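Engineer: Below are the structure tokens for one structure; questions will follow.
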Amino acid sequence: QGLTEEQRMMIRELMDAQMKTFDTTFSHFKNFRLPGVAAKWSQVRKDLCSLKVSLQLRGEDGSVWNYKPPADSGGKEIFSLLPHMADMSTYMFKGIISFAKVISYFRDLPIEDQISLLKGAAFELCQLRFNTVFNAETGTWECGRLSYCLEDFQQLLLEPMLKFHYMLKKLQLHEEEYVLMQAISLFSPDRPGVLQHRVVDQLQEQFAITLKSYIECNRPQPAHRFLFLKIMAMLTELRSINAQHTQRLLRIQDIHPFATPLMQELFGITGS
Ligand SMILES: C[C@H]1CCC[C@H](O)CCCCCc2cc(O)cc(O)c2C(=O)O1
């Protein structure tokens, strides 16, 4: 530990906010919907089938419910999982909003910038949180009583969202590094509508400096050489994935509405 007291303060506050707002066992994700018991269109079908997962639900009693999805057959069967995705996204978004609200640097910003920043980074922070429950040996997001398994190989790693999760997992990051990644991405001075550009940008530079310093003080191994720079590269990829997934959500929403009120707020949809 070769960190200043201000740096150690910074990490402690981020770890504290994370502890208070990340429900790592997904105990409070309840009441969710489940799948039941024209070139815009080949595109939306292209958009959807890029992520095919089976779904598993462990009962508090030992029973297991298990869902294998339909093959693509040219109709509305690719839409059966969207309400559940939306309920999960919404649940994750709430934890992310609570995370920002606990952070002092975030609270001190004007409220119009708090909103602009949350709109910009919510998806990225959710992806970063999801990577900590991702099991790269089994292709599985383990969310408590609830598992999302990738369905059958290396063609799968061609999907950028999936390549990002495998690569980020291989770096074997600490809890401290994940939360500093959340901070850096949350405090991004160039999101649409940010007014305090210079303030946000100085905050960002401090969170990045803390992370570089944390790595230099606690990871001397030749396996973590350039680790800080690999992390910054992943954050750049993640912002690109973020933009690609936003256009792809809006295309689907344009022809089959599914977004919850909170998703509409975050993605700028007004209800008219
Ligand atoms: C566990 C989470 C990881 C998303 C990570 C990345 O977004 C990977 C994309 C995999 C999405 C898996 C998934 C499919 C689905 O139909 C409904 C869902 O709620 C999820 C889902 O919640 O995936």
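For chain A, we keep the numbers from Swiss-Prot: what you see runs 141-177, 196-310, 315-434, in order.
Using N, Cα and C of the backbone, Cβ positions are placed for all residues, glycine too.
Found this in Swiss-Prot, in case it helps:
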BINDING   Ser247, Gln285, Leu286, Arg287, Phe288, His407  hyperforin binding site
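Relative to the rest of the structure, where do these features sit?
Structural biologist: Note on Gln285 (hyperforin binding site): other Cβ atoms within 10 Å of its Cβ, all shown chains, come to 20.
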Engineer: Where ligand 1 binds, which of the binding-site residues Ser247, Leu286, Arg287, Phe288 are close by, with Cβ under 6 Å?
Structural biologist: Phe288
Engineer: Quick one, can you pull the C-alpha distance from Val177 to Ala196 in angstrom, nearest whole number? The 18 residues in between aren't in the model.
Structural biologist: 29
